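A single chain comes next, written as structure tokens; it is the form deposited in one PDB entry.
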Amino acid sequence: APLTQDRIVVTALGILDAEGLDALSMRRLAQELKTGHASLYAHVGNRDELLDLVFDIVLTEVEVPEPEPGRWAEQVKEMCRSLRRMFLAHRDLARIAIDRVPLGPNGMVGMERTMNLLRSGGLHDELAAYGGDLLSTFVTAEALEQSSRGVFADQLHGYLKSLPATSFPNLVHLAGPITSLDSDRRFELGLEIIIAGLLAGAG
């Protein structure tokens, strides 16, 4: 004994890290916990519900600095890199998250902290409220593409290079970047773009 929600969640996360999402069935989980379905459902509900809890549990891995003046740009980037670290350390997690609710204790307080750091930058509400949404969406998407990946890049990269340079001039000349941009490079590139935009729209 005995089944707790937190104990169920750590177990489901344990097997997600090891063997990935599709190997996370309620049956497998129930099997690991050596318990009956009934007790499992009562605690975490169904699989969507379980994922939700798993998503929230790993959010503690994300660190949101307290705002230092002079340092907003860099601090927001820290937060974002922290979120990406979480995604990279957890198989299939970005897949769990890009759909679902940070509406849970850990996500709720992480929001508060995130909103605090954003507003401190002189962003205004709509801008702060949305910016946080934008950054989160950005990081999650970039992380989904990362874990997604090979040679596709290479077959695609070459496919574009072969284009009739007379009709598809830009494509041939941009074939490289389009296809095979360093993951870290894309992240940092997108990070700067969004951050500069937020500042531009603050003042």
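Think of the rigid core as the biggest set of C-alphas that the two forms share within 1.5 Å after superposition. Note that residue numbering follows the sequence shown and begins at 1.
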- Message: Neighbours in the displayed sequence, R27 and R28 may still hide a gap; how many deposited residues lack coordinates there, none, 1 to 3, 4 to 9, or 10 or more?
- Response: none
- Can you tell me which stretch has the higher mean Cα B-factor, 165-173 or 52-60? 165-173
- Message: Please compare 187-195 with 14-22 and say which has the higher mean C-alpha temperature factor in the record.
- Response: 14-22
- Query: Which one of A153, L134, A141, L40 shows the top CA temperature factor in the record?
  - Reply: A153
- Query: Should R113 be placed in the lowest, middle or highest third of its chain by the C-alpha B factor in the entry?
  - Reply: lowest
- Item | Relative C-alpha B-factor of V101, binned into the chain's lowest, middle or highest third | highest
- Would you mind checking where the Cα B-factor of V44 ranks among the modelled residues of its chain, as the lowest, middle or highest third? lowest
- Message: Ranking the modelled residues of this chain by C-alpha B-factor as given in the entry, is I8 in the lowest, middle or highest third?
- Response: lowest
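Separately, the form deposited in another entry exists; it is not shown, and the next lines address it.
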- Query: Of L135, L40, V62, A143, which one's CA moves 2 Å or more between the shown form and the other one, core aligned?
  - Reply: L40
